[PDB]
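Novice: Questions regarding the structure given below will be posed in turn.
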Amino acid sequence: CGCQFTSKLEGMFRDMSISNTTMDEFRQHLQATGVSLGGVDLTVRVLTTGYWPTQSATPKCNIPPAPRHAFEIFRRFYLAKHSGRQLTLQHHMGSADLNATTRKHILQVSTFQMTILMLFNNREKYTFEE
Amino acid sequence: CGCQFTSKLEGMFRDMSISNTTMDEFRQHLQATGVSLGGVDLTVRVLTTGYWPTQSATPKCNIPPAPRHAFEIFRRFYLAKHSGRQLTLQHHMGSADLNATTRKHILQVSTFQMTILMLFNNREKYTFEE
Amino acid sequence: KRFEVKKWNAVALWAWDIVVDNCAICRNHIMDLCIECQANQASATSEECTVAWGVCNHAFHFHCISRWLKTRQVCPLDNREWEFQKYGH
Amino acid sequence: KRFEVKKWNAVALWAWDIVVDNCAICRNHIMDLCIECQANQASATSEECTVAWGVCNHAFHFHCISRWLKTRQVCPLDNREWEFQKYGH
Ligand SMILES: [Zn+2]
Ligand SMILES: [Zn+2]
Ligand SMILES: [Zn+2]
Ligand SMILES: [Zn+2]
Ligand SMILES: [Zn+2]
Ligand SMILES: [Zn+2]
């Protein structure tokens with residue numbers, strides 16, 4: 001192709017490097033405070049708006065309280081260490097490992113079923129209206 | 001006296017500049033976040049060990065819970081924005097403005113009587129043993 | 001509880017202080033036309049007056065920084081070479 | 001309540017990752033002698049084996065970095081010119 005869009009791809013790889021560096025930095029800083037039982041395991045990344053297009057309209061829905069607290073912690077940590085990295089709240093990206101419980105089998109949720117299953121945990125026997 | 005000695009004083013002034021810059025930066029970041037900020041006017045000064053000698057043995061006591069939370073939030077902000085360092089707690093430095101309440105007269109405590117007066121607020125009729 | 005979350009792989013997007021309410025070049029907004037377009041129609045004749053996103057996560061009107069490229073070549077809020085990584089909000 | 005705190009003027013002191021448990025030059029401790037002194041007495045004959053503090057808030061044994069000044073001249077954990085702003089813990 002040439003150095004027209006391959007430069008954009010190289011920038012995307014640089015963004016990936018930035019994301020993993022920020023992830024390990026945030027893990028190191030989480031090792032320090034440890035306030036609430038919401039940051040047990042966190043593989044959170046940091047991306048730039050230009051490289052990765054917005055999914056649809058940046059979804060803004062009820063998030064689970066433990067993950068909600070974890071995301072608050074992440075946002076604060078970022079806006080302090082790399083002042084200027086205001087983490088926006090979205091849901092159409094990422095994944096998670098849900099530990100279910102005869103053995104303890106861990107499920108997987110792609111940041112879509114976390115809210116519904118959290119509502120089920122809070123109170124079962126729900127429907128579409130709930 | 002020679003610039004050999006005033007160089008340390010110039011470094012101390014540079015440290016003062018750094019402290020006030022970090023203070024305004026932390027205030028700006030608290031305007032966006034600042035969850036744990038019990039002390040409304042958190043005027044926190046950041047100094048370096050080399051310039052300013054330790055007072056006696058770096059004291060510790062029953063700091064008031066609201067100033068405790070304010071100091072914890074300030075230290076977390078300072079350990080994030082300025083990473084690579086650790087924040088220590090001390091009491092033989094600084095001051096505070098205690099709002100008392102016929103009018104509302106504001107007192108002043110030089111970071112010495114804050115714990116005793118906080119204990120009095122929690123429960124009066126104390127003594128040396130308490 | 002019956003289901004507990006152990007791991008999370010959230011992705012955080014960040015944007016700089018683009019001032020969505022005041023364009024850093026024209027001081028109108030991050031949308032709603034610009035100083036040299038003003039009225040919505042203003043004889044639009046196709047073309048475009050959308051938002052331009054750079055490699056530095058800064059956003060201005062396409063017209064504003066397209067004209068600003070003739071005055072300088074480094075994004076005013078920083079010292080970085082301005083790219084055109086995105087077009088529109 | 002009867003007394004409430006409005007303002008606070010705390011002063012925060014900071015120190016870098018000096019590794020109080022391992023000297024960054026000799027790997028013994030931030031106190032308790034050094035590699036070339038070992039035993040507490042070791043024919044002390046006055047002199048001193050205390051801690052040296054630099055302008056960069058780094059701490060090592062005075063002997064360790066006094067000898068290290070002949071090998072290099074920039075504090076190993078950074079690239080700053082090493083000063084002698086304090087002596088002892
Ligand atoms: Zn504009
Ligand atoms: Zn226009
Ligand atoms: Zn820019
Ligand atoms: Zn040593
Ligand atoms: Zn020695
Ligand atoms: Zn150093």
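Every chain in the structure tokens takes a letter, A first, then B, and so on in the order presented; its residues are numbered from 1, and the ligands are numbered from 1 following the presented order.
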With only C-alpha atoms and all ligand atoms counted, collect every polymer residue having an atom within 7 Å of ligand 6; state the result as a ChimeraX atom specification.

Specialist: /D:54,56-58,75-78,80,82

Novice: For the selection you just gave me, I'd like the residues written to a file as a PDB file, in the first residue's frame, keeping N, CA and C atoms.

Specialist:
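Dumped to part08.pdb:
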ATOM      1  N   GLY D  54      20.643  13.083  48.966  1.00  0.00           N
ATOM      2  CA  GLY D  54      20.925  13.971  47.858  1.00  0.00           C
ATOM      3  C   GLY D  54      19.812  14.972  47.605  1.00  0.00           C
ATOM      4  N   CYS D  56      17.988  14.871  45.108  1.00  0.00           N
ATOM      5  CA  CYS D  56      16.927  14.122  44.452  1.00  0.00           C
ATOM      6  C   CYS D  56      16.155  13.222  45.411  1.00  0.00           C
ATOM      7  N   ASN D  57      16.294  13.436  46.720  1.00  0.00           N
ATOM      8  CA  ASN D  57      15.586  12.661  47.741  1.00  0.00           C
ATOM      9  C   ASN D  57      15.957  11.181  47.696  1.00  0.00           C
ATOM     10  N   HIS D  58      17.162  10.874  47.230  1.00  0.00           N
ATOM     11  CA  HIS D  58      17.687   9.517  47.263  1.00  0.00           C
ATOM     12  C   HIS D  58      18.626   9.357  48.452  1.00  0.00           C
ATOM     13  N   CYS D  75      23.396   9.969  39.784  1.00  0.00           N
ATOM     14  CA  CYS D  75      22.719   9.031  40.678  1.00  0.00           C
ATOM     15  C   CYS D  75      22.132   7.863  39.893  1.00  0.00           C
ATOM     16  N   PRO D  76      22.481   6.623  40.251  1.00  0.00           N
ATOM     17  CA  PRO D  76      22.160   5.485  39.367  1.00  0.00           C
ATOM     18  C   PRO D  76      20.678   5.306  39.093  1.00  0.00           C
ATOM     19  N   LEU D  77      19.814   5.645  40.049  1.00  0.00           N
ATOM     20  CA  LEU D  77      18.383   5.446  39.846  1.00  0.00           C
ATOM     21  C   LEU D  77      17.763   6.538  38.983  1.00  0.00           C
ATOM     22  N   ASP D  78      18.541   7.543  38.583  1.00  0.00           N
ATOM     23  CA  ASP D  78      18.047   8.609  37.720  1.00  0.00           C
ATOM     24  C   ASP D  78      19.169   9.133  36.832  1.00  0.00           C
ATOM     25  N   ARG D  80      20.295  12.560  37.441  1.00  0.00           N
ATOM     26  CA  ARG D  80      20.491  13.868  38.053  1.00  0.00           C
ATOM     27  C   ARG D  80      21.862  13.965  38.708  1.00  0.00           C
ATOM     28  N   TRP D  82      24.275  14.395  41.507  1.00  0.00           N
ATOM     29  CA  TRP D  82      24.076  14.059  42.910  1.00  0.00           C
ATOM     30  C   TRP D  82      24.661  15.131  43.821  1.00  0.00           C
TER      31      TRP D  82
END

Novice: May I have chain A as a short mmCIF file (atom, residue, chain, number, x, y, z; two decimals) with C-alpha atoms, in the first residue's frame, after a least-squares superposition on chain B that uses all C-alpha atoms paired in order?

Specialist:
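Written file, out-v2.cif:
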data_model
loop_
_atom_site.label_atom_id
_atom_site.label_comp_id
_atom_site.auth_asym_id
_atom_site.auth_seq_id
_atom_site.Cartn_x
_atom_site.Cartn_y
_atom_site.Cartn_z
CA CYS A 1 28.66 34.78 51.49
CA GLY A 2 29.07 33.43 47.96
CA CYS A 3 27.53 30.65 45.87
CA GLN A 4 27.94 27.97 48.53
CA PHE A 5 24.85 28.15 50.75
CA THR A 6 22.95 30.63 48.58
CA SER A 7 22.66 27.76 46.10
CA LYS A 8 20.92 25.77 48.85
CA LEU A 9 18.62 28.75 49.46
CA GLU A 10 17.81 28.91 45.74
CA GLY A 11 17.02 25.20 45.85
CA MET A 12 14.74 25.86 48.82
CA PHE A 13 12.92 28.51 46.80
CA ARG A 14 12.60 26.03 43.93
CA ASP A 15 11.10 23.58 46.42
CA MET A 16 8.64 26.28 47.49
CA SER A 17 7.66 26.76 43.84
CA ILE A 18 7.20 23.00 43.44
CA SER A 19 5.07 22.90 46.60
CA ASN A 20 2.69 25.65 45.48
CA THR A 21 2.41 24.18 41.97
CA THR A 22 1.53 20.79 43.45
CA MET A 23 -0.93 22.49 45.81
CA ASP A 24 -2.85 24.18 43.00
CA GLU A 25 -2.73 20.96 40.96
CA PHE A 26 -4.19 18.97 43.86
CA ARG A 27 -6.90 21.60 44.35
CA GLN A 28 -7.79 21.34 40.65
CA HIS A 29 -7.93 17.54 40.90
CA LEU A 30 -10.03 17.74 44.09
CA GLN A 31 -12.47 19.94 42.16
CA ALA A 32 -12.98 16.89 39.91
CA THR A 33 -13.80 13.98 42.23
CA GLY A 34 -15.48 15.40 45.35
CA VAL A 35 -16.39 12.12 47.05
CA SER A 36 -16.54 12.79 50.80
CA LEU A 37 -17.08 15.91 52.90
CA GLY A 38 -13.46 16.05 54.03
CA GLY A 39 -11.89 18.12 51.27
CA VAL A 40 -13.91 21.31 51.72
CA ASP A 41 -10.78 23.54 51.85
CA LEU A 42 -7.22 22.16 51.46
CA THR A 43 -4.01 24.30 51.38
CA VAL A 44 -1.63 21.26 51.37
CA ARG A 45 2.05 21.65 50.22
CA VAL A 46 4.80 19.17 49.07
CA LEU A 47 8.40 19.40 50.36
CA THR A 48 11.60 17.39 49.92
CA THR A 49 13.42 15.68 52.80
CA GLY A 50 16.83 17.18 52.02
CA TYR A 51 15.84 20.85 52.11
CA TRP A 52 13.74 20.77 55.29
CA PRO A 53 15.06 18.75 58.26
CA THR A 54 12.75 16.33 60.05
CA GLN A 55 11.16 18.00 63.06
CA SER A 56 11.94 15.49 65.82
CA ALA A 57 11.06 11.88 64.94
CA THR A 58 8.16 12.28 62.46
CA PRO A 59 5.20 12.17 64.99
CA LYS A 60 2.57 9.46 64.26
CA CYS A 61 -0.59 10.06 66.36
CA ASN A 62 -4.40 9.70 66.03
CA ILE A 63 -5.55 12.30 63.42
CA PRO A 64 -9.21 13.54 63.11
CA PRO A 65 -11.31 11.31 60.70
CA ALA A 66 -12.26 14.10 58.21
CA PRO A 67 -8.62 15.44 58.06
CA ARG A 68 -7.44 11.75 58.05
CA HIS A 69 -9.58 11.07 54.92
CA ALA A 70 -8.35 14.37 53.37
CA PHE A 71 -4.68 13.34 53.89
CA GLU A 72 -5.37 9.84 52.44
CA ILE A 73 -6.88 11.54 49.33
CA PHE A 74 -3.83 13.88 49.05
CA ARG A 75 -1.29 11.00 49.36
CA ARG A 76 -3.12 8.89 46.71
CA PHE A 77 -3.48 11.86 44.28
CA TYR A 78 0.27 12.68 44.61
CA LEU A 79 1.54 9.05 44.28
CA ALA A 80 -0.59 8.83 41.09
CA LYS A 81 0.08 12.21 39.32
CA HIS A 82 3.70 12.74 40.45
CA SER A 83 4.35 8.96 40.90
CA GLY A 84 7.13 8.80 43.54
CA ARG A 85 5.80 11.47 45.95
CA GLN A 86 4.86 9.13 48.88
CA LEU A 87 3.42 11.60 51.47
CA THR A 88 4.73 10.70 54.98
CA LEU A 89 2.35 11.41 57.92
CA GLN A 90 3.53 14.11 60.34
CA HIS A 91 2.00 16.57 62.80
CA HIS A 92 4.67 19.09 63.86
CA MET A 93 3.98 21.42 60.91
CA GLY A 94 1.13 23.37 59.35
CA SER A 95 -2.01 24.98 60.72
CA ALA A 96 -5.80 24.79 60.38
CA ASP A 97 -8.92 26.92 60.77
CA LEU A 98 -11.48 25.40 63.16
CA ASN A 99 -15.01 26.74 62.66
CA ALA A 100 -16.62 27.05 66.09
CA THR A 101 -20.12 28.11 67.10
CA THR A 102 -23.96 34.02 69.65
CA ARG A 103 -21.99 33.91 66.39
CA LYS A 104 -19.77 31.56 64.37
CA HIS A 105 -16.17 32.39 65.30
CA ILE A 106 -13.43 30.43 63.51
CA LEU A 107 -10.55 29.28 65.71
CA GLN A 108 -7.03 28.28 64.65
CA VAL A 109 -5.09 25.10 65.44
CA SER A 110 -1.46 24.56 64.42
CA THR A 111 -1.89 20.83 63.70
CA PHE A 112 -1.34 20.17 67.44
CA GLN A 113 -4.76 20.57 69.08
CA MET A 114 -6.76 19.05 66.20
CA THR A 115 -6.71 15.52 67.64
CA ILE A 116 -7.55 16.59 71.21
CA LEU A 117 -10.40 18.84 70.08
CA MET A 118 -11.69 16.11 67.75
CA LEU A 119 -11.72 13.70 70.70
CA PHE A 120 -13.60 16.35 72.69
CA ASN A 121 -16.12 16.63 69.85
CA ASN A 122 -16.57 12.84 69.85
CA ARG A 123 -16.98 12.84 73.65
CA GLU A 124 -16.46 15.65 76.15
CA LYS A 125 -15.29 15.35 79.78
CA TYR A 126 -11.87 13.86 79.06
CA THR A 127 -8.58 14.03 80.95
CA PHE A 128 -4.87 13.32 80.48
CA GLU A 129 -5.42 9.56 80.67
CA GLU A 130 -8.05 9.64 77.92
#

Novice: Output as a PyMOL selection string all residues of chain C that backbone DSSP marks as strand (DSSP E or B).

Specialist: chain C and resi 3-8+11-14+51-53+59-61+74+81+86-87

Novice: I need the chosen residues saved as a PDB file, in the first residue's frame, with N, CA, C and O atoms.

Specialist:
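Output file part34.pdb follows:
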ATOM      1  N   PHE C   3     -23.575 -15.427  41.873  1.00  0.00           N
ATOM      2  CA  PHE C   3     -22.654 -15.056  40.806  1.00  0.00           C
ATOM      3  C   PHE C   3     -21.825 -13.869  41.268  1.00  0.00           C
ATOM      4  O   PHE C   3     -22.379 -12.858  41.711  1.00  0.00           O
ATOM      5  N   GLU C   4     -20.502 -13.991  41.167  1.00  0.00           N
ATOM      6  CA  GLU C   4     -19.580 -12.950  41.604  1.00  0.00           C
ATOM      7  C   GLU C   4     -18.570 -12.678  40.499  1.00  0.00           C
ATOM      8  O   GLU C   4     -18.095 -13.613  39.846  1.00  0.00           O
ATOM      9  N   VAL C   5     -18.243 -11.406  40.298  1.00  0.00           N
ATOM     10  CA  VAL C   5     -17.321 -11.007  39.240  1.00  0.00           C
ATOM     11  C   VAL C   5     -15.905 -10.973  39.796  1.00  0.00           C
ATOM     12  O   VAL C   5     -15.631 -10.302  40.798  1.00  0.00           O
ATOM     13  N   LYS C   6     -14.998 -11.699  39.142  1.00  0.00           N
ATOM     14  CA  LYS C   6     -13.593 -11.744  39.540  1.00  0.00           C
ATOM     15  C   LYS C   6     -12.729 -10.820  38.689  1.00  0.00           C
ATOM     16  O   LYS C   6     -11.992  -9.986  39.222  1.00  0.00           O
ATOM     17  N   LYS C   7     -12.810 -10.954  37.368  1.00  0.00           N
ATOM     18  CA  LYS C   7     -11.984 -10.193  36.443  1.00  0.00           C
ATOM     19  C   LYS C   7     -12.837  -9.235  35.623  1.00  0.00           C
ATOM     20  O   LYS C   7     -14.023  -9.473  35.376  1.00  0.00           O
ATOM     21  N   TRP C   8     -12.211  -8.139  35.201  1.00  0.00           N
ATOM     22  CA  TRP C   8     -12.870  -7.146  34.366  1.00  0.00           C
ATOM     23  C   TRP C   8     -11.872  -6.639  33.337  1.00  0.00           C
ATOM     24  O   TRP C   8     -10.700  -6.409  33.648  1.00  0.00           O
ATOM     25  N   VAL C  11     -12.426  -1.122  28.761  1.00  0.00           N
ATOM     26  CA  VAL C  11     -11.576  -0.286  27.924  1.00  0.00           C
ATOM     27  C   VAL C  11     -11.984   1.163  28.137  1.00  0.00           C
ATOM     28  O   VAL C  11     -13.154   1.517  27.954  1.00  0.00           O
ATOM     29  N   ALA C  12     -11.022   1.997  28.524  1.00  0.00           N
ATOM     30  CA  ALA C  12     -11.276   3.391  28.870  1.00  0.00           C
ATOM     31  C   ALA C  12     -10.837   4.278  27.713  1.00  0.00           C
ATOM     32  O   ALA C  12      -9.684   4.211  27.271  1.00  0.00           O
ATOM     33  N   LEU C  13     -11.759   5.096  27.218  1.00  0.00           N
ATOM     34  CA  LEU C  13     -11.436   6.084  26.203  1.00  0.00           C
ATOM     35  C   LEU C  13     -11.243   7.456  26.848  1.00  0.00           C
ATOM     36  O   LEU C  13     -11.953   7.836  27.783  1.00  0.00           O
ATOM     37  N   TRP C  14     -10.268   8.202  26.336  1.00  0.00           N
ATOM     38  CA  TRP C  14      -9.913   9.494  26.901  1.00  0.00           C
ATOM     39  C   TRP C  14      -9.917  10.559  25.816  1.00  0.00           C
ATOM     40  O   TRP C  14      -9.625  10.293  24.648  1.00  0.00           O
ATOM     41  N   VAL C  51     -16.785  18.168  12.485  1.00  0.00           N
ATOM     42  CA  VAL C  51     -15.704  18.262  13.458  1.00  0.00           C
ATOM     43  C   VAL C  51     -14.509  17.474  12.940  1.00  0.00           C
ATOM     44  O   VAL C  51     -14.672  16.430  12.299  1.00  0.00           O
ATOM     45  N   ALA C  52     -13.310  17.979  13.213  1.00  0.00           N
ATOM     46  CA  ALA C  52     -12.069  17.324  12.824  1.00  0.00           C
ATOM     47  C   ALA C  52     -11.331  16.858  14.069  1.00  0.00           C
ATOM     48  O   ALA C  52     -11.142  17.636  15.012  1.00  0.00           O
ATOM     49  N   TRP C  53     -10.918  15.595  14.073  1.00  0.00           N
ATOM     50  CA  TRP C  53     -10.211  14.993  15.197  1.00  0.00           C
ATOM     51  C   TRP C  53      -8.771  14.723  14.784  1.00  0.00           C
ATOM     52  O   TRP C  53      -8.524  14.174  13.707  1.00  0.00           O
ATOM     53  N   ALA C  59     -10.207  18.265  19.202  1.00  0.00           N
ATOM     54  CA  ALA C  59     -11.329  18.407  18.289  1.00  0.00           C
ATOM     55  C   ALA C  59     -11.632  19.876  18.049  1.00  0.00           C
ATOM     56  O   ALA C  59     -11.782  20.656  18.996  1.00  0.00           O
ATOM     57  N   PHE C  60     -11.713  20.246  16.774  1.00  0.00           N
ATOM     58  CA  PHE C  60     -12.159  21.568  16.363  1.00  0.00           C
ATOM     59  C   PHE C  60     -13.021  21.399  15.121  1.00  0.00           C
ATOM     60  O   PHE C  60     -13.113  20.308  14.551  1.00  0.00           O
ATOM     61  N   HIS C  61     -13.659  22.488  14.702  1.00  0.00           N
ATOM     62  CA  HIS C  61     -14.346  22.477  13.419  1.00  0.00           C
ATOM     63  C   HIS C  61     -13.335  22.258  12.305  1.00  0.00           C
ATOM     64  O   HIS C  61     -12.199  22.737  12.379  1.00  0.00           O
ATOM     65  N   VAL C  74       1.280  23.659  14.274  1.00  0.00           N
ATOM     66  CA  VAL C  74       1.295  22.854  15.487  1.00  0.00           C
ATOM     67  C   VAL C  74       0.067  23.209  16.313  1.00  0.00           C
ATOM     68  O   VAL C  74      -0.165  24.384  16.615  1.00  0.00           O
ATOM     69  N   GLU C  81       2.425  17.865  15.959  1.00  0.00           N
ATOM     70  CA  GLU C  81       2.027  17.943  14.561  1.00  0.00           C
ATOM     71  C   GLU C  81       0.592  17.456  14.414  1.00  0.00           C
ATOM     72  O   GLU C  81       0.267  16.329  14.801  1.00  0.00           O
ATOM     73  N   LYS C  86      -9.692  11.638  12.192  1.00  0.00           N
ATOM     74  CA  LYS C  86     -11.129  11.406  12.131  1.00  0.00           C
ATOM     75  C   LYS C  86     -11.814  12.652  11.592  1.00  0.00           C
ATOM     76  O   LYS C  86     -11.255  13.753  11.617  1.00  0.00           O
ATOM     77  N   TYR C  87     -13.037  12.457  11.103  1.00  0.00           N
ATOM     78  CA  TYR C  87     -13.857  13.530  10.551  1.00  0.00           C
ATOM     79  C   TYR C  87     -15.280  13.354  11.052  1.00  0.00           C
ATOM     80  O   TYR C  87     -15.922  12.340  10.758  1.00  0.00           O
TER      81      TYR C  87
END

Novice: What residues have any atom no more than 6 Å from ligand 5 when counting only C-alpha atoms and all ligand atoms, and can you list them as a PDB file with N, CA, C and O atoms, in the first residue's frame?

Specialist:
ATOM      1  N   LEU D  33      25.512  -0.316  58.635  1.00  0.00           N
ATOM      2  CA  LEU D  33      26.798  -0.417  57.947  1.00  0.00           C
ATOM      3  C   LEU D  33      26.639  -0.735  56.465  1.00  0.00           C
ATOM      4  O   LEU D  33      25.527  -0.711  55.928  1.00  0.00           O
ATOM      5  N   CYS D  34      27.754  -1.026  55.797  1.00  0.00           N
ATOM      6  CA  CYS D  34      27.755  -1.293  54.363  1.00  0.00           C
ATOM      7  C   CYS D  34      28.631  -2.495  54.030  1.00  0.00           C
ATOM      8  O   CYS D  34      29.103  -3.194  54.932  1.00  0.00           O
ATOM      9  N   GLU D  36      31.693  -2.588  52.669  1.00  0.00           N
ATOM     10  CA  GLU D  36      33.101  -2.394  52.986  1.00  0.00           C
ATOM     11  C   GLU D  36      33.325  -2.060  54.455  1.00  0.00           C
ATOM     12  O   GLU D  36      34.459  -1.770  54.855  1.00  0.00           O
ATOM     13  N   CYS D  37      32.270  -2.094  55.268  1.00  0.00           N
ATOM     14  CA  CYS D  37      32.402  -1.873  56.702  1.00  0.00           C
ATOM     15  C   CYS D  37      31.934  -3.100  57.471  1.00  0.00           C
ATOM     16  O   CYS D  37      32.538  -3.470  58.485  1.00  0.00           O
ATOM     17  N   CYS D  49      29.826   6.296  59.190  1.00  0.00           N
ATOM     18  CA  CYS D  49      29.223   5.421  58.193  1.00  0.00           C
ATOM     19  C   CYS D  49      27.717   5.643  58.163  1.00  0.00           C
ATOM     20  O   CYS D  49      26.937   4.684  58.144  1.00  0.00           O
ATOM     21  N   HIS D  63      29.484   6.000  52.579  1.00  0.00           N
ATOM     22  CA  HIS D  63      30.614   5.277  52.005  1.00  0.00           C
ATOM     23  C   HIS D  63      30.301   4.784  50.597  1.00  0.00           C
ATOM     24  O   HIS D  63      31.126   4.919  49.684  1.00  0.00           O
TER      25      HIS D  63
END

Novice: Hey, which residues sit close to ligand 1? Say within 7 Å, counting only C-alpha atoms and all ligand atoms, and write them as a PyMOL selection string.

Specialist: chain C and resi 23-30+34-35+60-61+64

Novice: Just the helix (DSSP H, G or I) stuff from chain D, please, per backbone DSSP, written as a PyMOL selection string.

Specialist: chain D and resi 62-68

Novice: Would you save the residues from that selection as a compact mmCIF listing (two decimals), in the first residue's frame, using N, CA and C atoms?

Specialist:
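See result.txt below for the written result:
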# COMPACT_ATOMS: atom_id res chain seq x y z
N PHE D 62 26.85 6.78 53.08
CA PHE D 62 27.83 7.78 52.67
C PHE D 62 29.03 7.12 52.01
N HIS D 63 29.48 6.00 52.58
CA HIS D 63 30.61 5.28 52.00
C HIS D 63 30.30 4.78 50.60
N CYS D 64 29.10 4.22 50.40
CA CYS D 64 28.75 3.64 49.11
C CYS D 64 28.82 4.66 47.99
N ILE D 65 28.14 5.80 48.14
CA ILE D 65 28.11 6.76 47.05
C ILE D 65 29.38 7.62 47.03
N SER D 66 30.08 7.72 48.16
CA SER D 66 31.39 8.36 48.15
C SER D 66 32.36 7.59 47.27
N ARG D 67 32.34 6.26 47.36
CA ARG D 67 33.11 5.44 46.43
C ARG D 67 32.52 5.46 45.03
N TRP D 68 31.19 5.49 44.91
CA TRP D 68 30.54 5.48 43.60
C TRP D 68 30.79 6.75 42.80

Novice: Looking at D:10, D:39, D:44, D:55, which one is nearest to residue 84 (chain D), with distances taken over only C-alpha atoms?

Specialist: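 For residue 84 (chain D), the nearest of the candidates is D:55.
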
Novice: What does the distance between CA of residue 89 (chain D) and CA of residue 32 (chain D) come to in Å, to one decimal place?

Specialist: 11.6 Å

Novice: Counting only C-alpha atoms and all ligand atoms, which of C:16, C:83, C:31, C:73 gets nearest to ligand 2?

Specialist: C:31
